[PDB]
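Single-structure report; data block below.
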Amino acid sequence: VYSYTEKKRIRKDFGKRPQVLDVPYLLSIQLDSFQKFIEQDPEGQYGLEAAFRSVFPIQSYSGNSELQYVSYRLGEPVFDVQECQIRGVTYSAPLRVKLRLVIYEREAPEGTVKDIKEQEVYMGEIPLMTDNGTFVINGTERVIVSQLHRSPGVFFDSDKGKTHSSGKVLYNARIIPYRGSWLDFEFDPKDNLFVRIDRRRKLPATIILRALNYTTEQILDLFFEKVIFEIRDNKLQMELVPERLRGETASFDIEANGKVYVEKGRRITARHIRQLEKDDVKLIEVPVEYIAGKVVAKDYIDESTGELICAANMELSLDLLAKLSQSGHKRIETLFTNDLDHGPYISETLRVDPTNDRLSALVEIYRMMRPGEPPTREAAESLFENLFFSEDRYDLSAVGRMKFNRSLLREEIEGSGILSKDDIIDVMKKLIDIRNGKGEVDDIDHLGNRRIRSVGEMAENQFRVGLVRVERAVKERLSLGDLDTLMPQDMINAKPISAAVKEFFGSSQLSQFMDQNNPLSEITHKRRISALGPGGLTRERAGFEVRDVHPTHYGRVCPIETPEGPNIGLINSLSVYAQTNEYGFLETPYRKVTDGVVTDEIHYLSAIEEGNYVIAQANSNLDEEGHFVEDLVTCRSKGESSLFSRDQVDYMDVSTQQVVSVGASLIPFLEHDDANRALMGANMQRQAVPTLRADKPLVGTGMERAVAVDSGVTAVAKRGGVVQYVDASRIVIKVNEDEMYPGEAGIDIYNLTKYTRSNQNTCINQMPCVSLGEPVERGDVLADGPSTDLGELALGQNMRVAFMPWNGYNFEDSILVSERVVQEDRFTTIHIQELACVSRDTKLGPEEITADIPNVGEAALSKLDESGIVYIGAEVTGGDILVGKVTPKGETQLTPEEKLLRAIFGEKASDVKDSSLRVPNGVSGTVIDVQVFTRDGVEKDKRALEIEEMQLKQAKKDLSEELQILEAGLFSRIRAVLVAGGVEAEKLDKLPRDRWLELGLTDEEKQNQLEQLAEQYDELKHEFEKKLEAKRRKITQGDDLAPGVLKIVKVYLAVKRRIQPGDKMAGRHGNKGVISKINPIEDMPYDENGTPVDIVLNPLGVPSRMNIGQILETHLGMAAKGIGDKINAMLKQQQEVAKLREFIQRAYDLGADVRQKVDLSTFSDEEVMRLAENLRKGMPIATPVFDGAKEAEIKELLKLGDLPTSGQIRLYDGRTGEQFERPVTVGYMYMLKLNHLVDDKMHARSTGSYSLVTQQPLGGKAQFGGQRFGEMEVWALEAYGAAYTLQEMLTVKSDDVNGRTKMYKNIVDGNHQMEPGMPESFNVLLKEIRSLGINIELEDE
Amino acid sequence: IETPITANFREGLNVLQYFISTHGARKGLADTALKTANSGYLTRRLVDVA
Amino acid sequence: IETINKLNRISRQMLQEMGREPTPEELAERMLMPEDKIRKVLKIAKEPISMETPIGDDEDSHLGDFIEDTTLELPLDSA
RNA sequence: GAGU
Ligand SMILES: [Mg+2]
């Protein structure tokens, strides 16, 4: 028993690997991360919670009054989605927060015992996310695209070569906190360590520690290696560490207490070191020849007088050694700076730094940062400490802190907001190591080094921004009036909060128009991830670095999804199965392999973790639920790829398709297509427009069901059950007793979206698929969305394509098609354009909407009614007026000529400009729906009235029917509860439907069920009346519009969009083309069967561009249709079901090691015959990506479809009748009509509107602009000797007013001359130079 | 890389092979975008001199 | 000026107690002024946007690149 | 985004 819709149509799977775990909800990122922001979780510092506790409780300056945060609540959305679209508003919910104003006493110590006023204050309206993961902003759908960015924490970069002729290896540590200024520590070419606070200018790292309260000595301690040197009798002894002299050549004679070890001069090997080590050497007898050239630790004064003999960190000389030991101090502290492993780094910084105490260190901080400010101590202290250690300005976040902990290898993951002093020193520690060649560098592009910011996290960010400004204002008002009289509700403002929010959603680059051309584009677009936006890279900011492909993108981002040109490398698609951890690192699911054996355990790993373990490829061969086929298997690890043994093998790829995103996964023969074209293929799919007659892809991937279902453009069954009533408007289903709850009613409601307009003008119409009284279960596809078939993505349509040259019609990827395409209406698309007219009031006069139009044909007037409104459903053409509007005309002094004229005919010319909204040039069709926006004050026009009454009609119908059919299922169950114990049908049926208030029998757990449904009727009377009231209130109520705006009329106009020559079309393989000619059916070459061809693509557009997958698709496409038409033939000849069953089952089991074993037999005759009908016009097959149908399986299929094995057939020319000299490749390819329509891209312009300043034509057919003749274009002309062409471009055709006007006149009269002048652009320029105070002028000749 | 690709487009390449090819692909396409702008700049320079 | 000031101060209150926005009628009630005066003040209210303003989210057009000049009549109309 |  398969599900009932699958019985209606299954598509065959050629995949050899069985994918174990399921298809996740693809747009989970969006849903789940938005849910983060709302999350009512108590301890979880997320969204509202996190921001509130960060700000709250906010105590007054005085320390007496405080505002405390209790809990919040979200009002249920005030106005619905469709209304927001219609009225141009943003869809938002009210936020209120329980605050408690709490007043402590001055007098009583900390007597929290003064006043508590507790209440809910209003904080404004917050944009809500739609069900599909989208947003409603100013009347339009946008999506917030997830964002890549470099994570806060610590980066250690290398300057490879760079500056210098040397190529000096200059390492640097970059510290990025979530909130706060940044620290830079980089190496001078001279090996000196420089800091840049806030990356401004370089100074010594040492002085930072000075500010931190550290003196020179403590510094030298925590970095370099201590070595104790004792002075006794007359000889020098050191406290010696064994491992210190390793790898050094020899000067003096080491003795170890007794015996000699080391030859004087000869390079010591490792063995001599252990000998001496185990000999318990506490004090080796060193000559003082060594110490000539070392360096000192601390500041040694002479206790007896206290004069400064020698200072810290100085060069070592003979004479002062004597004076020193005479001060009675016979225990000093040399430094270990031997180059190589521990080079003179920090010491060198110290030397160049002339700055001294904590004081001049603080002042030097302050000087660089604020040049020209006095060294007031308070300024210095306050600056430095508040720079890095301040709670409100500096926050690493859990994110920053945890990743910082990873660079340093710190014990606990948990972090406090501020940088601890110890953190700082650690940085520099690792720095030194690296400089030696001890440590390794961090890769800028590592996956673990970039985090992904989903909507929840970014929302939280900008809400915290609104809250920061709120804090300045609120804390200021907390000292405002008296502590007694004021209220917190009056003091707390929404403005900056809601302003910051609407700026994030509306104005951010991350909040962008989604592509809704097809469900694919939507789905994909939402899960695209950009490295751009706030806190991220710009276009100029991007070099080779980030644009190039990291191997770690494997299984996480699809490597081939991305816009070409400027955006390439920036924006990529999330690959299928990858998802975010709590911290916003991408994880990919992998199969555990426990020492050789492959378990069913799924482990999600981050990038850095992935690098560690050895993973087998998805294609690698496995043995029956146990071990591997291959002794040496194909594996990846440490970023690298090669052959490895079973024993080290820790994991394995979950499935083949895990590499790639959504778009690319649909491409069946992807393995045979080059990436250049693969890329473009995924892109093109997004631009495909659905035709009214959506067809399922016959050449698929099995993928096509999951895509469609998740897009949510179709209608799906929540509970399933049996379909009780189906309408092309609503589908009502009676749920099965299993899933049905007994208290509520079990009638499920699906309102259907019919012929609705998308953002890109594309149609979204949902048609019902299943039949009335059919059983379906949960998650079956009821109604198809636009580009969807019975659950399948039906982006396009599949046609008969012959690869072959035509008489130059298929030239350079040009495309040749049959008249039959038009004939069948395939690739005809419905487009809705929405057009508005505004009635405003200037001080020049209130504009009115009326049918009153001076001096127009009554022919045009005819389509208008009394109010000036088109009759709904009229078919309109270019030039025709939809909506009448009249405007007060200004003053015009008519030439005496016109006064004369006007007097003569006396035509009633009143000062009124025709404002009425005209129909588009070159676009026509039927109006569906017109809408009215009545302002409140002035009453509605007759049309406004009538239309709002039509709203009434509809509204009322719907609610009534909703109520009544609910009862039918309710009273149906109560009769099914009444017939059990005491079987009394007849009497009940005839006894009146409304009188069943009186009925009642025995009491137990069943009268418990009677009163339940019984109090369901009593709440429907009350609830339904409030329902009716709600709807009544919002239609009549005065629409809050833009100030100055009296009224509006938006109008939806339908467009019937025919494919024509110059339209854009493509297949799934990136092969594209413009249509050059539609040939009559007679021209079309034809088969042996007499079947004429549909489309001719040029074969020569294939091999060098390297998409072989389309050829494979061709052949598979033919094979599919072969099975389908053989089924049709046996169906027309009746025959018997058994034979059909036998053939078709053997067909399913055709594939080599095909997974899908459908031993059919048990299926009932209805299901079988129904299914055969659907596959009458071709079996839908699935070659899944990288594990689909290889070449062998394809050829086998063609023979059982009675085909020549090559899939090339001999073809007859419809023109001449002659056979072609060799066989040609034909078959079905699934193709599409793209969003680019030559209809729009035609732009005609002779003359029209000019720009204000330069007086050049504006741009684009948008405002009837002229095309720009640019620098380059100029150059063409200049290449030739054409002076006057030039001059036309430069003068008469651009900014020369005199020239174009008088030349127009002369052209009309039959002249054709120039009559030259001066470009006004240049006049512009001259005077602009003169405003700069520069003399520019014409020298008279 | 030392290990080359054994298969051909007719045979169909595998996980690893296809992934390995993408690097070069992408580098090529990015090359286009950047390089023609530098070329264009150059050419305008030439033009403006002569 | 003074009147503008009054407006916005009351606006907050009204927005917070209504739940959403004050319609011109409702605002005018609390001000003790005439509705058309309030409506015309709202109209006069909004200040000029820069001519160089990047209207294109991509620094594509600076408002001026949309600008039509009503003073210049077409050569067609000159004829 | 499209294309050169
Ligand atoms: Mg081509």
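FYI the Cβ positions are ideal-geometry reconstructions off the backbone, even for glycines, and counts take in every protein chain you see. Each answer follows from the model by the rule given with it, or from the source it names; these are not laboratory values.
Which one of these is touching a strand residue (DSSP E or B) at 6+ places or on another chain (Cβ under 6 Å) and under 30 Å from residue A:1040 (Cβ atoms): A:917, A:1028, A:945, A:959?
Only one candidate passes the filter, namely A:917.
State the number of residues belonging to segment C:45-64 that are surrounded by fewer than 14 Cβ atoms within 10 Å (Cβ to Cβ), closer than 29 Å to residue A:845 by Cβ and within 9 Å of chain A (Cβ to nearest Cβ).
3
For (1) under 21 Å from residue A:493 (Cα atoms); (2) buried (at least 18 other Cβ atoms within 10 Å of the Cβ); (3) free of Cβ contacts under 8 Å to residues at least 60 places away in the same chain; (4) within 29 Å of the chain's Cα centre (by Cα), each residue gets a yes or a no:
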site	(1), (2), (3), (4)
A:3	no, no, no, no
A:61	yes, no, no, no
A:69	yes, yes, yes, no
A:78	yes, no, yes, yes
A:81	no, no, yes, yes
A:91	yes, yes, yes, yes
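For residue C:42, are the conditions met, namely being touching a helix residue (DSSP H, G or I) at 6+ places or on another chain (Cβ under 8 Å), loosely packed, with under 13 Cβ neighbours inside 10 Å, facing chain A (nearest Cβ under 8 Å) and part of a helix (DSSP H, G or I)?
Against the criterion (touching a helix residue (DSSP H, G or I) at 6+ places or on another chain (Cβ under 8 Å), loosely packed, with under 13 Cβ neighbours inside 10 Å, facing chain A (nearest Cβ under 8 Å) and part of a helix (DSSP H, G or I)), residue C:42 does not qualify.
Scan segment A:934-986 residue by residue and report those that are among the polar types (S, T, N, Q) and not in a loop (DSSP other than H, G, I, E, B).
Within segment A:934-986, A:951, A:954, A:960, A:964, A:972 qualify.
Among (1) of a type in the set (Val, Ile, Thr); (2) within 16 Å of RNA strand D (Cβ to nearest atom); (3) more than 30 Å from residue A:1054 (Cα to Cα), where does residue A:842 come up short?
Failed condition: (2).
What residue, of A:1245, A:1210, A:1222, A:1215, is within 14 Å of chain C (Cβ to nearest Cβ) and among the charged types (D, E, K, R)?
A:1245
One residue is enough: does segment A:747-758 have a residue meeting the conditions of a type in the set (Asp, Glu), outside the structural domain of residue A:923 (by CATH) and either in contact (Cβ under 8 Å) with a residue 40 or more places away in the chain or surrounded by fewer than 19 Cβ atoms within 10 Å (Cβ to Cβ) (or both)?
For segment A:747-758, residues of a type in the set (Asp, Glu), outside the structural domain of residue A:923 (by CATH) and either in contact (Cβ under 8 Å) with a residue 40 or more places away in the chain or surrounded by fewer than 19 Cβ atoms within 10 Å (Cβ to Cβ) (or both): absent.
Which condition number does residue A:639 fail, the rest of (1) more than 23 Å from residue B:13 (Cβ to Cβ); (2) touching a residue at least 60 places away in the same chain (Cβ under 8 Å) being met?
Going through (1) more than 23 Å from residue B:13 (Cβ to Cβ); (2) touching a residue at least 60 places away in the same chain (Cβ under 8 Å) one by one, residue A:639 breaks only (1).
List the strands (runs of 3 or more DSSP E) inside segment A:1037-1087, counting only whole elements, that have at least 1 residues being among the aromatic types (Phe, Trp, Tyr), more than 16 Å from RNA strand D (Cβ to nearest atom) and closer than 20 Å to residue A:833 by Cα.
Because the criterion is at least 1 residues that are among the aromatic types (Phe, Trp, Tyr), more than 16 Å from RNA strand D (Cβ to nearest atom) and closer than 20 Å to residue A:833 by Cα, the strands (runs of 3 or more DSSP E) in segment A:1037-1087 that meet it are A:1045-1057.
Being farther than 30 Å from residue B:32 by Cβ, in contact with a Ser or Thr (Cβ under 7 Å, 6 or more places away or on another chain), more than 16 Å from RNA strand D (Cβ to nearest atom) and not assigned by CATH to the domain that holds residue A:531 narrows it down to one residue among A:597, A:633; which is it?
Being farther than 30 Å from residue B:32 by Cβ, in contact with a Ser or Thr (Cβ under 7 Å, 6 or more places away or on another chain), more than 16 Å from RNA strand D (Cβ to nearest atom) and not assigned by CATH to the domain that holds residue A:531 holds for just one of A:597, A:633, which is A:633.
Could you list all residues from segment A:794-828 that are buried (at least 17 other Cβ atoms within 10 Å of the Cβ), within 16 Å of RNA strand D (Cβ to nearest atom) and not small (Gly, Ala, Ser)?
The answer is A:795, A:810, A:815.
Only one of (1) out of contact with any helix residue (DSSP H, G or I) (no Cβ under 8 Å at 6 or more places or on another chain); (2) acidic (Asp, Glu); (3) in contact (Cβ under 8 Å) with a residue 60 or more places away in the chain fails for residue A:319. Which number is that?
Tallying (1) out of contact with any helix residue (DSSP H, G or I) (no Cβ under 8 Å at 6 or more places or on another chain); (2) acidic (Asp, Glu); (3) in contact (Cβ under 8 Å) with a residue 60 or more places away in the chain, residue A:319 fails exactly one: (3).
Considering A:598, A:593, A:549, A:614, which residue is within 23 Å of residue B:13 (Cα to Cα), more than 10 Å from chain B (Cβ to nearest Cβ) and among the hydrophobic types (A, V, I, L, M, F, W, C)?
Checking each option against the conditions leaves just A:614.
Looking at segment A:180-199, I want the residues that are closer than 15 Å to residue A:423 by Cα and have a partner that is polar (S, T, N, Q) with Cβ atoms under 9 Å, at least 6 apart or on another chain. Which pairs are those?
Cβ pairs passing all conditions: A:184/A:172; A:185/A:172.
Give the residue, chosen from C:29, C:21, C:25, that is in a helix (DSSP H, G or I), facing chain A (nearest Cβ under 9 Å) and either closer than 30 Å to residue A:493 by Cβ or touching a residue at least 24 places away in the same chain (Cβ under 8 Å) (or both).
Exactly one residue qualifies, and that residue is C:25.
Quick check on segment A:918-957: of everything there that is of a type in the set (D, E, K, R) and surrounded by fewer than 14 Cβ atoms within 10 Å (Cβ to Cβ), which residue is farthest from the other protein chains (Cβ to nearest Cβ)?
By that ranking, first place goes to A:957.
Quick check on my filter: what residues within segment A:554-579 are crowded, with 21+ Cβ neighbours inside 10 Å, of a type outside the set (A, V, I, L, M) and either over 28 Å from residue B:35 (Cα atoms) or away from RNA strand D (no atom under 16 Å from the Cβ) (or both)?
Selection gives A:554, A:555, A:556, A:559, A:575, A:577.
Quick check on my filter: what residues within segment A:1096-1126 are assigned to a helix (DSSP H, G or I), over 14 Å from residue A:1181 (Cβ atoms) and away from chain B (no Cβ under 14 Å)?
A:1099, A:1100, A:1101, A:1125, A:1126
If residue A:565 passes every condition in (1) out of contact with any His (no Cβ under 9 Å at 6 or more places or on another chain); (2) touching a residue at least 60 places away in the same chain (Cβ under 8 Å); (3) among the small types (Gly, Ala, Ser); (4) not assigned by CATH to the domain that holds residue A:633 but one, which one does it miss?
Failing condition for residue A:565: (2).
How many residues does segment A:17-47 hold that are touching an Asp or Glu at 6+ places or on another chain (Cβ under 8 Å) and either buried (at least 18 other Cβ atoms within 10 Å of the Cβ) or small (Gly, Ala, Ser) (or both)?
8
Where in segment A:1228-1293 are there helices (runs of 4 or more DSSP H), lying fully within it, with 3 or more residues that are farther than 30 Å from residue A:829 by Cα, more than 15 Å from RNA strand D (Cβ to nearest atom) and not charged (D, E, K, R)?
Hits in segment A:1228-1293: A:1271-1279, A:1283-1287.
Restricting to segment A:1044-1092, name every residue that is of a type in the set (A, V, I, L, M, F, W, C) and more than 16 Å from the ligand (Cβ to nearest atom).
If the condition is that a residue be of a type in the set (A, V, I, L, M, F, W, C) and more than 16 Å from the ligand (Cβ to nearest atom), then A:1045, A:1046, A:1048, A:1049, A:1051, A:1053, A:1054, A:1055, A:1059, A:1078, A:1081, A:1084 are the ones that fit.
Looking only at residues that are of a type in the set (S, T, N, Q) and facing chain A (nearest Cβ under 9 Å) in segment B:18-42, which one is farthest from residue A:551 (Cα to Cα)?
B:32
So residue A:650 clears everything in (1) within 12 Å of chain B (Cβ to nearest Cβ); (2) surrounded by fewer than 23 Cβ atoms within 10 Å (Cβ to Cβ); (3) more than 22 Å from residue A:1236 (Cα to Cα) except one condition, right? Which one?
Answer for residue A:650: the failing condition is (1).
State whether one or more residues within segment A:1107-1120 are surrounded by fewer than 20 Cβ atoms within 10 Å (Cβ to Cβ) and in contact with an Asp or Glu (Cβ under 6 Å, 6 or more places away or on another chain).
no
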